[PDB]
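Listing of my_file.txt, compact mmCIF, C-alpha atoms and all ligand atoms
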# COMPACT_ATOMS: atom_id res chain seq x y z
CA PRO K 1 15.64 118.79 70.29
CA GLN K 2 14.58 121.95 68.48
CA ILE K 3 17.46 124.16 67.36
CA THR K 4 16.91 127.69 66.17
CA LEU K 5 19.39 129.45 63.90
CA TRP K 6 20.10 132.81 65.55
CA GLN K 7 23.54 131.41 66.26
CA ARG K 8 25.52 128.75 64.46
CA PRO K 9 24.05 125.29 65.17
CA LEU K 10 27.22 124.00 66.82
CA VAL K 11 26.81 120.79 68.82
CA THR K 12 28.92 118.23 70.61
CA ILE K 13 29.71 115.04 68.76
CA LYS K 14 31.68 112.02 69.98
CA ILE K 15 33.96 110.06 67.67
CA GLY K 16 36.93 107.84 68.56
CA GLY K 17 36.10 108.37 72.23
CA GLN K 18 36.66 112.12 71.82
CA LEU K 19 34.20 114.97 72.18
CA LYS K 20 34.32 117.59 69.41
CA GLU K 21 32.27 120.61 68.31
CA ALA K 22 30.57 120.29 64.91
CA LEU K 23 28.18 122.35 62.78
CA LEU K 24 24.85 120.85 61.71
CA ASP K 25 24.87 121.70 58.02
CA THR K 26 21.81 120.99 55.88
CA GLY K 27 23.76 122.45 52.97
CA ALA K 28 26.25 119.56 53.20
CA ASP K 29 25.54 116.26 51.49
CA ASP K 30 28.18 114.52 53.53
CA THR K 31 29.91 114.77 56.87
CA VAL K 32 33.38 116.33 56.81
CA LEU K 33 35.65 116.36 59.87
CA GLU K 34 38.95 118.06 60.69
CA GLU K 35 42.06 115.86 60.36
CA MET K 36 41.94 113.04 62.90
CA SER K 37 42.89 109.38 63.18
CA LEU K 38 40.22 106.81 62.22
CA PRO K 39 40.41 103.01 61.90
CA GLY K 40 40.19 100.90 58.79
CA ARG K 41 40.73 101.68 55.14
CA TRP K 42 39.81 104.87 53.40
CA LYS K 43 38.89 105.76 49.82
CA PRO K 44 39.30 108.98 47.85
CA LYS K 45 36.48 111.48 47.56
CA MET K 46 36.19 114.76 45.67
CA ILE K 47 33.91 117.35 47.27
CA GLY K 48 32.61 120.62 45.87
CA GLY K 49 32.76 123.72 48.05
CA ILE K 50 32.09 127.36 47.35
CA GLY K 51 35.71 127.89 46.30
CA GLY K 52 35.93 124.74 44.22
CA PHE K 53 36.47 120.98 44.55
CA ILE K 54 38.91 119.35 46.98
CA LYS K 55 40.14 115.87 47.88
CA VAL K 56 39.23 114.27 51.22
CA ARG K 57 39.49 110.82 52.80
CA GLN K 58 36.39 108.66 53.07
CA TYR K 59 35.95 106.28 56.00
CA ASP K 60 32.86 104.07 55.99
CA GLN K 61 30.80 102.58 58.80
CA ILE K 62 32.26 104.71 61.54
CA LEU K 63 30.63 105.17 64.94
CA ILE K 64 29.74 108.73 65.79
CA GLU K 65 27.37 110.27 68.31
CA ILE K 66 25.58 113.54 67.60
CA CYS K 67 24.03 115.37 70.53
CA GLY K 68 24.04 111.99 72.22
CA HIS K 69 22.26 110.30 69.31
CA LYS K 70 24.20 107.26 68.13
CA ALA K 71 25.05 106.84 64.46
CA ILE K 72 27.28 104.64 62.26
CA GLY K 73 28.07 105.94 58.82
CA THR K 74 30.44 107.55 56.36
CA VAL K 75 32.76 110.28 57.56
CA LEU K 76 35.06 112.34 55.35
CA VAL K 77 38.31 113.80 56.67
CA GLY K 78 39.97 116.92 55.32
CA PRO K 79 40.60 120.65 55.60
CA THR K 80 37.27 122.08 56.66
CA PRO K 81 36.93 125.39 58.53
CA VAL K 82 34.92 123.44 61.09
CA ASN K 83 33.63 119.92 61.61
CA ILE K 84 30.40 119.62 59.64
CA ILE K 85 27.60 117.09 60.05
CA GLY K 86 25.91 116.73 56.68
CA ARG K 87 22.71 115.13 55.49
CA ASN K 88 24.05 111.56 55.52
CA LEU K 89 24.07 111.59 59.35
CA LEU K 90 21.38 114.23 59.82
CA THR K 91 18.90 111.85 58.19
CA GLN K 92 20.05 108.95 60.35
CA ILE K 93 19.29 110.81 63.55
CA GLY K 94 15.92 111.86 62.14
CA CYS K 95 16.65 115.52 61.51
CA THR K 96 14.30 117.72 59.55
CA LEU K 97 13.92 121.40 58.77
CA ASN K 98 10.65 122.97 60.03
CA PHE K 99 8.81 126.29 59.65
CA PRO I 1 6.38 122.84 56.31
CA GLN I 2 8.53 119.91 57.46
CA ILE I 3 11.38 119.43 54.99
CA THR I 4 13.12 116.07 54.84
CA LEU I 5 16.87 115.81 54.46
CA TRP I 6 16.91 112.69 52.29
CA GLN I 7 17.33 115.14 49.42
CA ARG I 8 18.91 118.56 49.24
CA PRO I 9 16.39 120.98 50.83
CA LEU I 10 15.66 123.15 47.81
CA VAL I 11 12.90 125.73 47.79
CA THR I 12 11.67 128.39 45.45
CA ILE I 13 12.44 131.95 46.32
CA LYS I 14 11.30 135.25 44.84
CA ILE I 15 13.73 138.12 44.76
CA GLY I 16 14.11 141.25 42.64
CA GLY I 17 11.11 140.10 40.65
CA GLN I 18 13.04 136.90 39.89
CA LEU I 19 11.99 133.39 40.96
CA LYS I 20 14.99 131.23 41.88
CA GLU I 21 15.81 127.85 43.36
CA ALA I 22 17.93 127.87 46.52
CA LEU I 23 19.39 125.49 49.14
CA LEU I 24 18.32 125.90 52.80
CA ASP I 25 21.73 125.85 54.47
CA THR I 26 21.97 125.89 58.28
CA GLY I 27 25.75 125.98 57.94
CA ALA I 28 25.77 129.31 56.07
CA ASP I 29 25.76 132.52 58.10
CA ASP I 30 24.37 134.52 55.19
CA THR I 31 22.38 134.10 51.98
CA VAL I 32 24.43 134.00 48.76
CA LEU I 33 22.96 133.90 45.26
CA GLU I 34 24.55 133.62 41.82
CA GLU I 35 25.17 136.83 39.85
CA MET I 36 22.12 139.07 39.62
CA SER I 37 21.09 142.71 39.88
CA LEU I 38 19.89 144.09 43.19
CA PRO I 39 18.83 147.59 44.09
CA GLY I 40 20.75 149.92 46.34
CA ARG I 41 24.17 150.16 47.88
CA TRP I 42 26.60 147.32 48.39
CA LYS I 43 30.03 146.54 49.81
CA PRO I 44 32.58 143.89 48.89
CA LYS I 45 33.10 140.81 51.06
CA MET I 46 35.05 137.55 50.82
CA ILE I 47 33.36 134.30 51.77
CA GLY I 48 34.81 130.87 51.81
CA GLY I 49 35.29 127.48 53.37
CA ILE I 50 35.86 124.39 51.33
CA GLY I 51 38.03 124.82 48.28
CA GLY I 52 38.57 128.49 48.89
CA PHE I 53 37.06 131.93 49.09
CA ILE I 54 35.04 133.91 46.59
CA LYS I 55 34.42 137.66 46.36
CA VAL I 56 30.80 138.78 46.70
CA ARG I 57 28.76 141.94 46.82
CA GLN I 58 26.87 142.51 50.07
CA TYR I 59 23.42 144.05 49.79
CA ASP I 60 21.51 144.80 52.97
CA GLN I 61 17.79 145.17 53.67
CA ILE I 62 16.71 143.17 50.67
CA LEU I 63 13.16 141.87 50.46
CA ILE I 64 12.85 138.17 49.69
CA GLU I 65 10.05 135.63 49.92
CA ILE I 66 10.71 131.97 50.76
CA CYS I 67 7.83 129.53 50.56
CA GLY I 68 5.32 132.34 50.78
CA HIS I 69 7.06 133.79 53.78
CA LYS I 70 8.25 137.37 53.39
CA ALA I 71 11.52 138.37 55.04
CA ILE I 72 14.10 141.11 54.87
CA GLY I 73 17.84 140.72 55.16
CA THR I 74 21.32 140.76 53.73
CA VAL I 75 21.92 139.07 50.38
CA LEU I 76 25.39 138.29 49.09
CA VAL I 77 25.80 138.16 45.29
CA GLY I 78 28.64 136.35 43.55
CA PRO I 79 30.02 133.29 41.84
CA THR I 80 28.53 130.70 44.20
CA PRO I 81 28.05 127.30 42.61
CA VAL I 82 24.58 127.01 44.17
CA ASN I 83 22.05 129.50 45.53
CA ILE I 84 22.05 129.29 49.31
CA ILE I 85 19.66 130.57 51.92
CA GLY I 86 21.65 131.31 55.11
CA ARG I 87 20.73 131.55 58.77
CA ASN I 88 20.26 135.32 58.50
CA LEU I 89 17.06 134.69 56.54
CA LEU I 90 16.18 131.22 57.89
CA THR I 91 15.56 132.79 61.27
CA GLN I 92 13.09 135.27 59.87
CA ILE I 93 10.84 132.55 58.46
CA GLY I 94 11.01 130.78 61.79
CA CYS I 95 13.01 127.84 60.46
CA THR I 96 14.40 125.33 62.96
CA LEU I 97 16.30 122.05 62.98
CA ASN I 98 14.40 119.22 64.68
CA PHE I 99 15.20 115.68 65.77
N1 LIG Z 101 27.37 133.42 53.60
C1 LIG Z 101 28.02 132.20 53.33
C2 LIG Z 101 29.37 132.02 53.67
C3 LIG Z 101 29.97 130.78 53.40
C4 LIG Z 101 29.20 129.79 52.79
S1 LIG Z 101 29.93 128.19 52.44
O1 LIG Z 101 31.28 128.40 51.99
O2 LIG Z 101 28.97 127.42 51.71
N2 LIG Z 101 29.94 127.63 54.01
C5 LIG Z 101 28.74 126.99 54.55
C6 LIG Z 101 28.65 125.45 54.44
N3 LIG Z 101 27.80 125.02 53.30
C7 LIG Z 101 27.99 123.57 53.00
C8 LIG Z 101 28.09 123.22 51.51
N4 LIG Z 101 29.34 123.52 50.84
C9 LIG Z 101 29.50 124.10 49.51
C10 LIG Z 101 28.37 124.87 48.85
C11 LIG Z 101 28.57 126.22 48.52
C12 LIG Z 101 27.59 126.98 47.89
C13 LIG Z 101 26.37 126.38 47.56
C14 LIG Z 101 26.10 125.08 47.99
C15 LIG Z 101 27.12 124.31 48.56
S2 LIG Z 101 30.76 123.14 51.62
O3 LIG Z 101 31.80 123.45 50.66
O4 LIG Z 101 30.77 123.79 52.92
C16 LIG Z 101 30.66 121.39 51.85
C17 LIG Z 101 30.74 120.54 50.74
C18 LIG Z 101 30.66 119.15 50.92
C19 LIG Z 101 30.51 118.61 52.20
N5 LIG Z 101 30.40 117.21 52.34
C20 LIG Z 101 30.44 119.46 53.31
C21 LIG Z 101 30.52 120.85 53.13
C22 LIG Z 101 31.17 127.86 54.77
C23 LIG Z 101 31.56 126.67 55.65
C24 LIG Z 101 31.97 125.47 55.07
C25 LIG Z 101 32.28 124.37 55.87
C26 LIG Z 101 32.29 124.50 57.26
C27 LIG Z 101 31.87 125.70 57.85
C28 LIG Z 101 31.52 126.78 57.04
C29 LIG Z 101 27.86 129.97 52.43
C30 LIG Z 101 27.28 131.22 52.67
CL CL Z 102 43.88 110.32 47.15
CL CL Z 103 26.39 107.37 55.74

Mind converting the file's structure to structure tokens?
Amino acid sequence: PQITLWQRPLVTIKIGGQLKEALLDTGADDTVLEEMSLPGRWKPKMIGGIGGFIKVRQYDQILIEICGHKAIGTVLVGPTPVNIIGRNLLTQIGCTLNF
Amino acid sequence: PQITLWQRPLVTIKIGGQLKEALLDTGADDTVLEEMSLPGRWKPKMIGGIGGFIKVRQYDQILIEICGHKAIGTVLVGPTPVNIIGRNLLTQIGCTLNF
């Protein structure tokens, strides 16, 4: 698809069998999702936002679909204003910026 | 151009006679740059997300050039950890997300 930016690039993702809205964020190195239950073990991760660094939970090798495109990768969980898809999964699905 | 997302999508901008480096950020509504002088009137604004909010100065109708493309728009100025180009200017250069 081609997505313009006149509105927020919000899309439907699927994770854990659930559909959710998420923001495609080229500014984000990593994917950060609102608190949810995920399987397996998690590790600690410090991420830097505009208002400073915060602690989130890192789950690896998780299945997630983005606009129907299937991915398996790292997902962080913590207090984000909205689910964000960052470059780790944007690259997997073959996303680029174009002008 | 077609900008990969393997790396942070950083470009050179020119603003207020200054040349700066800035992150193309589809997740940001508006452009925010580290402390600098800009001409004209401004109004205070709070922006935030991860790790908090910061106070910024909002300048409207500012001329900027991004990769040779000239655009006009709102520029927020404040203690952002990294210079960010937001959707409000990404649209003007015809930037889209593609996959
Ligand atoms: N006008 C304007 C208003 C707000 C913002 S923002 O606060 O940057 N923002 C846009 C998301 N940018 C992602 C990068 N992040 C930090 C940043 C800050 C400054 C420079 C580079 C990197 S981040 O903190 O959001 C982040 C950090 C790490 C990961 N993995 C994901 C997101 C708000 C938002 C956060 C999350 C969800 C929805 C919305 C920018 C401009
Ligand atoms: Cl911890
Ligand atoms: Cl990953």

Next item on the list: Extract, using only C-alpha atoms, all DNA, RNA and protein residues at most 10 Å from segment 78-80 of chain I, discarding same-chain residues fewer than 2 positions from it, and format them as number ranges by chain.
Entry: K: 49-52; I: 32-36, 45-48, 53-58, 75-76, 82-84

Item checked: Distance-based interface of chain I with chain K, 7 Å, counting only C-alpha atoms, as JSON, numbers by chain -> {"I": [1, 2, 3, 4, 5, 6, 23, 24, 25, 26, 27, 48, 49, 50, 51, 52, 53, 54, 80, 81, 87, 91, 93, 94, 95, 96, 97, 98, 99]}

All file atoms of segment 61-80 of chain K boxed axis-aligned, 3 Å per side, centre plus edges, as AutoDock Vina command-line options:
--center_x 31.4 --center_y 112.3 --center_z 63.8 --size_x 24.3 --size_y 25.5 --size_z 22.9

If chain I is fitted onto chain K by least squares over all C-alpha atoms, taken pair by pair in sequence order, what do its new coordinates look like as a PDB file with C-alpha atoms, in the frame of the given file?
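The result, written out as result-v5.pdb:
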ATOM      1  CA  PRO I   1      15.801 119.244  70.662  1.00  0.00           C
ATOM      2  CA  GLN I   2      14.646 122.291  68.683  1.00  0.00           C
ATOM      3  CA  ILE I   3      17.701 124.188  67.449  1.00  0.00           C
ATOM      4  CA  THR I   4      17.327 127.836  66.505  1.00  0.00           C
ATOM      5  CA  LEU I   5      19.056 129.271  63.467  1.00  0.00           C
ATOM      6  CA  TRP I   6      19.793 132.704  64.921  1.00  0.00           C
ATOM      7  CA  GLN I   7      23.257 131.284  65.553  1.00  0.00           C
ATOM      8  CA  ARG I   8      25.259 128.637  63.761  1.00  0.00           C
ATOM      9  CA  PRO I   9      23.770 125.267  64.839  1.00  0.00           C
ATOM     10  CA  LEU I  10      26.801 123.806  66.583  1.00  0.00           C
ATOM     11  CA  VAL I  11      26.633 120.621  68.608  1.00  0.00           C
ATOM     12  CA  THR I  12      29.064 118.391  70.391  1.00  0.00           C
ATOM     13  CA  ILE I  13      29.905 115.115  68.785  1.00  0.00           C
ATOM     14  CA  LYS I  14      31.874 112.105  69.988  1.00  0.00           C
ATOM     15  CA  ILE I  15      33.935 110.190  67.492  1.00  0.00           C
ATOM     16  CA  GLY I  16      36.992 107.944  67.704  1.00  0.00           C
ATOM     17  CA  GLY I  17      37.063 108.622  71.421  1.00  0.00           C
ATOM     18  CA  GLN I  18      37.338 112.331  70.578  1.00  0.00           C
ATOM     19  CA  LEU I  19      34.764 114.994  71.501  1.00  0.00           C
ATOM     20  CA  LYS I  20      34.418 117.637  68.779  1.00  0.00           C
ATOM     21  CA  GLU I  21      32.293 120.627  67.866  1.00  0.00           C
ATOM     22  CA  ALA I  22      30.479 120.440  64.526  1.00  0.00           C
ATOM     23  CA  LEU I  23      28.003 122.409  62.369  1.00  0.00           C
ATOM     24  CA  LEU I  24      24.630 120.801  61.504  1.00  0.00           C
ATOM     25  CA  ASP I  25      24.566 121.430  57.760  1.00  0.00           C
ATOM     26  CA  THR I  26      21.459 120.510  55.741  1.00  0.00           C
ATOM     27  CA  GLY I  27      23.290 121.621  52.607  1.00  0.00           C
ATOM     28  CA  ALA I  28      26.063 119.022  52.983  1.00  0.00           C
ATOM     29  CA  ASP I  29      25.487 115.549  51.557  1.00  0.00           C
ATOM     30  CA  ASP I  30      28.101 114.024  53.846  1.00  0.00           C
ATOM     31  CA  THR I  31      29.867 114.631  57.156  1.00  0.00           C
ATOM     32  CA  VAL I  32      33.370 116.130  56.916  1.00  0.00           C
ATOM     33  CA  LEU I  33      35.703 116.666  59.864  1.00  0.00           C
ATOM     34  CA  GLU I  34      39.144 118.251  60.154  1.00  0.00           C
ATOM     35  CA  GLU I  35      42.199 115.964  60.074  1.00  0.00           C
ATOM     36  CA  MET I  36      41.971 113.060  62.501  1.00  0.00           C
ATOM     37  CA  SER I  37      42.635 109.334  62.734  1.00  0.00           C
ATOM     38  CA  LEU I  38      39.851 106.881  62.005  1.00  0.00           C
ATOM     39  CA  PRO I  39      39.913 103.115  61.983  1.00  0.00           C
ATOM     40  CA  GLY I  40      39.611 100.966  58.906  1.00  0.00           C
ATOM     41  CA  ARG I  41      39.764 101.362  55.172  1.00  0.00           C
ATOM     42  CA  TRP I  42      39.294 104.568  53.239  1.00  0.00           C
ATOM     43  CA  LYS I  43      39.189 105.939  49.704  1.00  0.00           C
ATOM     44  CA  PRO I  44      40.042 109.362  48.317  1.00  0.00           C
ATOM     45  CA  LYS I  45      37.321 111.814  47.292  1.00  0.00           C
ATOM     46  CA  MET I  46      37.143 115.454  46.194  1.00  0.00           C
ATOM     47  CA  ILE I  47      34.507 117.719  47.692  1.00  0.00           C
ATOM     48  CA  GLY I  48      33.832 121.300  46.920  1.00  0.00           C
ATOM     49  CA  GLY I  49      31.499 124.178  46.266  1.00  0.00           C
ATOM     50  CA  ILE I  50      32.350 127.707  47.193  1.00  0.00           C
ATOM     51  CA  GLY I  51      35.947 128.709  46.689  1.00  0.00           C
ATOM     52  CA  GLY I  52      36.954 125.329  45.390  1.00  0.00           C
ATOM     53  CA  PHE I  53      37.406 121.662  46.098  1.00  0.00           C
ATOM     54  CA  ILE I  54      39.415 119.868  48.744  1.00  0.00           C
ATOM     55  CA  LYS I  55      40.696 116.283  48.837  1.00  0.00           C
ATOM     56  CA  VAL I  56      39.360 114.103  51.654  1.00  0.00           C
ATOM     57  CA  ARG I  57      39.568 110.559  52.902  1.00  0.00           C
ATOM     58  CA  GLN I  58      36.270 108.665  52.920  1.00  0.00           C
ATOM     59  CA  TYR I  59      35.675 106.302  55.821  1.00  0.00           C
ATOM     60  CA  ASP I  60      32.492 104.255  55.863  1.00  0.00           C
ATOM     61  CA  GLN I  61      30.545 102.647  58.707  1.00  0.00           C
ATOM     62  CA  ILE I  62      31.934 104.926  61.360  1.00  0.00           C
ATOM     63  CA  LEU I  63      30.229 105.137  64.734  1.00  0.00           C
ATOM     64  CA  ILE I  64      29.438 108.653  65.914  1.00  0.00           C
ATOM     65  CA  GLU I  65      27.219 110.118  68.612  1.00  0.00           C
ATOM     66  CA  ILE I  66      25.471 113.478  68.182  1.00  0.00           C
ATOM     67  CA  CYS I  67      23.619 114.935  71.137  1.00  0.00           C
ATOM     68  CA  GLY I  68      23.429 111.551  72.798  1.00  0.00           C
ATOM     69  CA  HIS I  69      22.108 109.973  69.652  1.00  0.00           C
ATOM     70  CA  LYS I  70      24.188 107.116  68.275  1.00  0.00           C
ATOM     71  CA  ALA I  71      24.459 106.740  64.506  1.00  0.00           C
ATOM     72  CA  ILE I  72      26.610 105.011  61.942  1.00  0.00           C
ATOM     73  CA  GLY I  73      27.722 106.395  58.615  1.00  0.00           C
ATOM     74  CA  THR I  74      30.336 107.737  56.264  1.00  0.00           C
ATOM     75  CA  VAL I  75      32.803 110.310  57.579  1.00  0.00           C
ATOM     76  CA  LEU I  76      35.003 112.370  55.292  1.00  0.00           C
ATOM     77  CA  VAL I  77      38.330 113.561  56.755  1.00  0.00           C
ATOM     78  CA  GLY I  78      40.291 116.499  55.380  1.00  0.00           C
ATOM     79  CA  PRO I  79      41.198 120.155  55.443  1.00  0.00           C
ATOM     80  CA  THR I  80      37.686 121.518  56.002  1.00  0.00           C
ATOM     81  CA  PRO I  81      37.626 124.912  57.674  1.00  0.00           C
ATOM     82  CA  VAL I  82      34.818 123.771  59.991  1.00  0.00           C
ATOM     83  CA  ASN I  83      33.544 120.392  61.176  1.00  0.00           C
ATOM     84  CA  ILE I  84      30.277 119.640  59.417  1.00  0.00           C
ATOM     85  CA  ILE I  85      27.572 117.105  60.068  1.00  0.00           C
ATOM     86  CA  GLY I  86      25.938 116.208  56.720  1.00  0.00           C
ATOM     87  CA  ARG I  87      22.564 114.801  55.750  1.00  0.00           C
ATOM     88  CA  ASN I  88      23.947 111.252  55.729  1.00  0.00           C
ATOM     89  CA  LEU I  89      24.098 111.385  59.529  1.00  0.00           C
ATOM     90  CA  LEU I  90      21.370 113.991  60.166  1.00  0.00           C
ATOM     91  CA  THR I  91      18.827 111.515  58.872  1.00  0.00           C
ATOM     92  CA  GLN I  92      19.904 108.853  61.314  1.00  0.00           C
ATOM     93  CA  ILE I  93      19.226 111.055  64.337  1.00  0.00           C
ATOM     94  CA  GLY I  94      15.852 111.905  62.874  1.00  0.00           C
ATOM     95  CA  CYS I  95      16.728 115.538  62.201  1.00  0.00           C
ATOM     96  CA  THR I  96      14.279 117.636  60.181  1.00  0.00           C
ATOM     97  CA  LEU I  97      13.854 121.215  59.006  1.00  0.00           C
ATOM     98  CA  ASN I  98      10.651 122.844  60.269  1.00  0.00           C
ATOM     99  CA  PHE I  99       8.790 126.072  59.581  1.00  0.00           C
TER     100      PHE I  99
END

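Relative to atom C4 of ligand LIG 101 (chain Z), atom CA of residue 38 of chain K is found at 27.2 Å.
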
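Atom CA of residue 22 of chain I is positioned 8.6 Å from atom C13 of ligand LIG 101 (chain Z).
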
Item checked: 10 Å contact set for residue 16 of chain K, all atoms listed in the file, chain neighbours under 3 positions out, as a PyMOL selection string -> chain K and resi 19+36-39+62-65

Checklist line | For atom CA of residue 43 of chain I and atom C4 of ligand LIG 101 (chain Z), the interatomic separation in Å (one decimal) | finding: 17.0 Å

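With distances restricted to only C-alpha atoms and all ligand atoms, K:30 is the closest residue to ligand LIG 101 (chain Z) from K:66, K:30, K:41, K:60.
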
Check: Which residue out of K:44, K:61, K:17, K:73 has the minimum interatomic distance to ligand CL 102 (chain Z) when all atoms listed in the file are used?
Finding: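 Residue with the minimum atom-to-atom distance to ligand CL 102 (chain Z): K:44.
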
Next item on the list: Would you please work out which residue, of I:72, I:31, I:67, I:42, is nearest to ligand LIG 101 (chain Z) when using all atoms listed in the file?
Entry: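 Checking each of I:72, I:31, I:67, I:42 against ligand LIG 101 (chain Z), counting all atoms listed in the file, the winner is I:31.
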